[PDB]
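K.L.:
One structure coming up, written as structure tokens, with questions to follow.
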Protein chains: 2
Amino acid sequence: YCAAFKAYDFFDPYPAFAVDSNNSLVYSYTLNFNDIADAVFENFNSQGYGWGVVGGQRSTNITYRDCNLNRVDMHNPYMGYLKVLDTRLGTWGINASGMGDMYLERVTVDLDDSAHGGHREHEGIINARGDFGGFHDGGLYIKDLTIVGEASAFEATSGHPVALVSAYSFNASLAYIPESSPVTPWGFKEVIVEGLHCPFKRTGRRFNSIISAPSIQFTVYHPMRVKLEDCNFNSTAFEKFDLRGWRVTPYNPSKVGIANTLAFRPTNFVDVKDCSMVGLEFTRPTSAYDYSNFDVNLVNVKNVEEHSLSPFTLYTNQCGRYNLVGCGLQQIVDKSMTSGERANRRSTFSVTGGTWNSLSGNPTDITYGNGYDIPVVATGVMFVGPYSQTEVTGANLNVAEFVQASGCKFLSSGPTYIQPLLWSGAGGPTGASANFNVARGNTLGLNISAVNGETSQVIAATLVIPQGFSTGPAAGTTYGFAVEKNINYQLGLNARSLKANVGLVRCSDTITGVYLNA
Amino acid sequence: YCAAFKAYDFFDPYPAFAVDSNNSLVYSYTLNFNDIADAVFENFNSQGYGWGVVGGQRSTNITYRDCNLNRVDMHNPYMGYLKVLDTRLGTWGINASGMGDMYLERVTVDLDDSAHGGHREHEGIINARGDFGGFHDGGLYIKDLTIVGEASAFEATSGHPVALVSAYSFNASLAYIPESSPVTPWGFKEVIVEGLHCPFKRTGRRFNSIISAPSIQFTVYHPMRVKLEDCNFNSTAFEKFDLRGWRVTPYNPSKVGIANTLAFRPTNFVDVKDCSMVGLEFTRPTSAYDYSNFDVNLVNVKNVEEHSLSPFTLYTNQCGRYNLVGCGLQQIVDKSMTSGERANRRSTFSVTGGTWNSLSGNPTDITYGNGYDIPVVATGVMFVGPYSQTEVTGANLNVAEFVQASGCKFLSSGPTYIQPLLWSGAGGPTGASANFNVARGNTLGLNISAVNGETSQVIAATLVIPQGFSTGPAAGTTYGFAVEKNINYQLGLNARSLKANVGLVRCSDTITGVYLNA
């Protein structure tokens, strides 16, 4: 019952290490307060091994400035704001349920936990209270966060590193939010991270998950909006968004099954700008909880560190819409590597600008419904990979079937640019057998060798695949001087929903090759 | 005449509430200073109803930190800088004319004004002094501003909520900047807002305007550059940029009439990124003050709250260039809802990526000059709305006439995609009548039923509308095997500036339908 005060340079050489008969850690606090308001703590010094040194309950407008503590904690939720500025934090991080907003600025976290064997009560760095239901009805705003250490002792027992943000309940029959309560059970309403620095390289992935709910109690919602900006993870493995332990979103209370991402409203939003990772993964929830529709925006995302190659790959398993602008893309895979599932809904992908360097593989790996009804669209993209103009390679067929391109360039190795080859043979007047799929809307070029009585000429024709308004084939005519005749060509088409299957190549003269005229 | 000092820990349980014989508020101060420099005020407590408790004149390099005051004010302009950090403010906000820069960081504003009978000296939250001409020759930089309350008394007595930033003069004959003065009469030279939080939902719109000049004195220029980022208005009505009441911009001193927004230089710049609002509106000034040319950039703008649907609408009747990248667009309306005026000049629109979900209406509403000379250009956009492939609907004709699209998809309700239908009939050799407009540069596909002496075939042909270099019609030639003849078709065109009117459908065989091949 204190208000309008300020504390100053208390000095503790090291915190207490209290155990029980079984040599397991028990609670002990250097500072413990209940029912305070308008408090400022400055230059507090209690850092080291042991239990968290701060315990708070039912407080308002708490500020920590220039402190050196191993934990900032709050059992009963706070209200108003909670500010941690210019503070160095220990392995426990921050554990606080709240009905307000949390602010972090210029905070360093040290994750070493060697003295403790396992004993990690909350699996993330910034956590809600697992004994209060795991709710935080407010936003979290982070600026210039620095991470050092690894927390190897926890990883040995659990098998994975710590998460960045965690919000879950230990037991839904003891800690939960009742239906009649006016509290909205948000894990965190919003998460904004602007500036994450990791000066030391990590072999593997930096975090187990960005937002984690590793329980099976299903008490709180996944955050409505997550934004990452200027975050350098400095790791050699892809980061992932795990969505497998969250309550059903309040945007779909009736639990309507979504068939296409464009036929339902979005329920969650993710933005990543100017951040550096090797890859990003989205894992959908299990059945009876899979009713979300995500909206993802990626801008200028690639790997800048020298040890792990530049291009990044996008793994996805959750229904949603994906937009990429000026990114260093490597591959698009419609599966989650963590679980192995292969997607069960129709998504949307759009790529604008940047470079699509697939290295030694195909640009896309999409197999849900054989890839039909998946509109991958690219505009003004430079494609680098195992493409060829004289041989029909796997990359040539993959990019022609799955990607609708416009104003794009292709370059395998040489200083110049090439046109991918799709088919080679002799398309005479009786037809020739072909078998390959092309996305409707792509432009194809055909090299024609026209021969008259005693004269011949090389013809370069251009053909556009119809969008699918009709069941007719793709055909056209052109003229050639020095032979004084018309050249007629036609490609047979079989319906493949968004794509088309070429089954027969036919021309009045001989067609020698079909090229991707992107 | 004080300098190089600091003041700490002054507690005032509540500010003075001074009135006059007519029970109206009069001035009263807790702190008052003239001619100071290098001053720091920390932990000042004076909060509640009454007149603003701070009044300053002619100062340099003033700093407020960790304060709890109902107003921060400067009557005569300051120079150097003015900083408000980690401070809680009352309903008055900040009122300061300046000859320097203003900085705000982590400031909470409470808008409740019940005790006052609806009287506000200024109509915004951050204001320039109206008794000094309403000028501020310098920038305004805001970071993590939080708004609580509603200011219901002022809204009840005026009809609209308070504005965000305000700069105007009460009387131009008493407070103004003379021509011979070296002061440049900027309202605010630059406005940068990064982070706006509104934890409580508002029924209506949060602010009357972003930058407001609600007088008819015309003493200061509109801000040259305005930037918004990570702003969540949490309201159910659109926000608007009101451009009435501003002095003519110095970029057009001779007041040259602009006609196309591309033949004159830009005069004002607006950027909005990752903001959440229902809509956005631009209202042009009245005649004798409409000489501005705006440059607007919108990146990733949509509504994320659960109560108001995701897609956002753009209202504008002001001459300028508009760019949208990855936005959740609903409709583009070339009129102002506030005033009802439509337009008088030619603008430019460019849409890249994102989703264009028009719900149950048309994607565009453009009227000025019947839509001609307005180049709306889209690239890689997914269109959702009342489209149909078996029937001709208004959305089909609207999107065909007003939007020039390339690499775009259409989905009405189903799990698959459709091609909008523009015309149905029987286009024989004589020619069937038709009447519909299509923007030049779009690709049109037509379903043709070809019949030979005994054989028949379905033909799918594509056509590109010429850009307008000539007065000839759009024609083409294709070939069909199994009928052994060429198929010729032609669409009669009537020139409408950037568009073309199709008046006749002609083909040697029968044309049964015309589709938008995008």
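K.L.:
State, in angstrom, two size descriptors of the stretch B:265-353 derived from its alpha carbons: Rg to one decimal place and Dmax to the nearest whole number.
P.N.:
Final numbers for Rg and Dmax: 13.3, 43 Å.
K.L.:
Another question about this same structure. Where does the stretch A:1-139 land on the Kirkwood hydrodynamic radius, alpha-carbon pairs, in angstrom?
P.N.:
Working: mean 1/r = 0.0658 Å⁻¹.
15.2 Å is the Kirkwood radius here.
K.L.:
Peptide B:302-308: average number of partner chain Cβ atoms within 10 Å per residue? Don't skip to the answer; put the middle values down first.
P.N.:
Numbers: counts 4, 1, 8, 3, 7, 0, 0.
Whole-number average of other-chain Cβ neighbours for B:302-308 is 3.
K.L.:
If the chain between A:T443 and A:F17 were fully stretched, how many nm would it gain, using 0.36 nm times the residue separation less the Cα-Cα distance?
P.N.:
Numbers: separation 426, 0.36 × 426 = 153.36 nm, distance 7.15 nm.
Between A:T443 and A:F17, full extension yields 146.2 nm more.
K.L.:
Here's another thing I want to ask about it. Can you show me the helix-derived [θ] at 222 nm for chain A, built from DSSP H runs with n ≥ 4 at -39,500 (n - 2.57) apiece and divided by the number of residues, rounded to the nearest 500.
P.N.:
Values: 2 runs with 16 residues, N = 518.
The helix-only estimate for chain A comes to -1000 deg cm²/dmol at 222 nm.
K.L.:
Place the label 7 angstrom along Cα→C-beta at A:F5 and in each other copy, then list the distances from the first to the rest in nm, shortest first.
P.N.:
3.0
K.L.:
Same structure again: Apply 1/(1 + (r/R0)^6) to the Cβ-Cβ distance of B:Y8 and A:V148, taking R0 = 41 Å, and write down the FRET efficiency to the nearest 0.05. The partial results should precede the final answer.
P.N.:
Numbers: r = 35 Å, r/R0 = 0.86.
About 0.70, to the nearest 0.05.
K.L.:
Which of A:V502, B:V351, A:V19 has the fewest other C-beta atoms within 10 Å, and how do the rest follow up to the most?
P.N.:
Numbers: A:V502 21, B:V351 25, A:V19 11.
In increasing order of surrounding Cβ atoms, one gets A:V19, A:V502, B:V351.
K.L.:
Sort shortest first the distances from B:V19 to its counterpart in every other copy, using label points 7 Å along the Cα-to-beta-carbon line, and give them in nm.
P.N.:
7.1
K.L.:
Is there a simple number for the mean count of other chain Cβ atoms within 10 Å of the Cβ of residues in B:348-358, and what is it? Don't jump to the answer; show the numbers that get you there.
P.N.:
Values: counts 0, 0, 0, 0, 7, 9, 5, 8, 0, 2, 0.
Mean shielding by partner chains, rounded to a whole number: 3.
K.L.:
Go ahead and run the numbers for FRET between B:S413 and A:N300, Cβ-Cβ distance against an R0 of 45 Å, rounding to 0.05. Before the final figure, lay out each step's value.
P.N.:
On the way: r = 35 Å, r/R0 = 0.78.
Calculated value: 0.80.
K.L.:
Return B:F294, A:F218, B:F11 ranked ascending by Cβ neighbour count within 10 Å, so the fewest neighbours appear first. Spell out each step's value before the answer.
P.N.:
Values: B:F294 22, A:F218 18, B:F11 10.
Ordered by Cβ neighbours within 10 Å, fewest first: B:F11, A:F218, B:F294.
K.L.:
For a distance above 19 Å, tell me the whole-number percent of Cα pairs in the stretch B:199-260 that qualify.
P.N.:
Numbers: 924 of 1891 pairs.
In whole percent, the share of Cα-Cα pairs in the stretch B:199-260 beyond 19 Å is 49.
K.L.:
I'd like to know how chain A sits against the 2.2 N^0.38 Å rule of thumb: what's its Cα Rg over that expected value?
P.N.:
The reported ratio for this selection is 1.24.
K.L.:
Could I have the simple spin-label model distance between B:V256 and B:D131, label points 7 Å from Cα toward Cβ, reported in nm to one decimal?
P.N.:
About 4.3 nm, to one decimal.
K.L.:
Take each of the peptides A:202-214, A:177-189, average the number of other beta-carbon atoms within 10 Å over its residues, and list them starting from the highest.
P.N.:
Working: A:202-214: 20.5, A:177-189: 14.8.
With the highest mean Cβ count within 10 Å placed first, the list reads A:202-214, A:177-189.
K.L.:
From other protein chains only, count the Cβ atoms within 10 Å of every residue's Cβ in A:441-448, then give the mean. Mind showing how you got there, number by number?
P.N.:
Details: counts 7, 0, 0, 0, 0, 0, 0, 0.
Mean partner-chain Cβ count within 10 Å for A:441-448: 1.
K.L.:
I would also like to ask the following. Take B:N34 and B:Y1, extend 7 Å from each Cα along the Cα→Cβ direction, and tell me the distance between the two endpoints in nm.
P.N.:
1.2
K.L.:
With each pseudo-label sitting 7 Å past Cα toward Cβ, what's the A:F436-A:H75 distance in nm, one decimal?
P.N.:
Placing both labels 7 Å along Cα→Cβ, they lie 7.0 nm apart.
K.L.:
Also, I was wondering about something else. Would you kindly enumerate the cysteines in chain A that have no other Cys beta-carbon under 4.7 Å from their beta-carbon?
P.N.:
Unpaired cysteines in chain A: A:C2, A:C67, A:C198, A:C319, A:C327, A:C408, A:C507.
K.L.:
Quick one: work out Rg over Rh on the C-alpha atoms of the protein assembly as shown, Rh as Kirkwood radius. The partial results should precede the final answer.
P.N.:
Working: Rg = 33.0 Å, Rh = 32.2 Å.
When Rh is taken as the Kirkwood radius, the ratio is 1.02.
K.L.:
Find every distance from the label point of B:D112 to the corresponding label point in the other copies (7 Å from Cα along Cα→Cβ) and write them in nm, one decimal, shortest first.
P.N.:
With the label placed 7 Å along Cα→Cβ, B:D112 yields 5.0 nm.
K.L.:
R0 = 41 Å: FRET efficiency of A:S158 with B:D271, Cβ-based, nearest 0.05? Don't skip to the answer; put the middle values down first.
P.N.:
Numbers: r = 45 Å, r/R0 = 1.09.
Once rounded, the FRET efficiency stands at 0.35.
K.L.:
Another question about this same structure. Distance in whole Å from the B-onto-A rotation axis to the closest C-beta of chain B, together with the residue it belongs to, please.
P.N.:
Smallest Cβ distance to the axis, with its residue: B:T477, 3.
K.L.:
For the stretch A:350-364, just list the computed ³J(HN,Hα) in residue order, Karplus coefficients 6.51, -1.76 and 1.60, θ = phi - 60°, integers in Hz, with x standing in for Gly and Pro.
P.N.:
Values, residue by residue: 9, 10, 10, x, x, 10, 10, 9, 8, 6, 10, x, 6, x, 10 Hz.
All of the numbers you see were taken from the coordinates with simple rules; none came from a lab. Cβ: placed from backbone, ideal geometry, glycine included. Neighbour counts: every protein chain shown.
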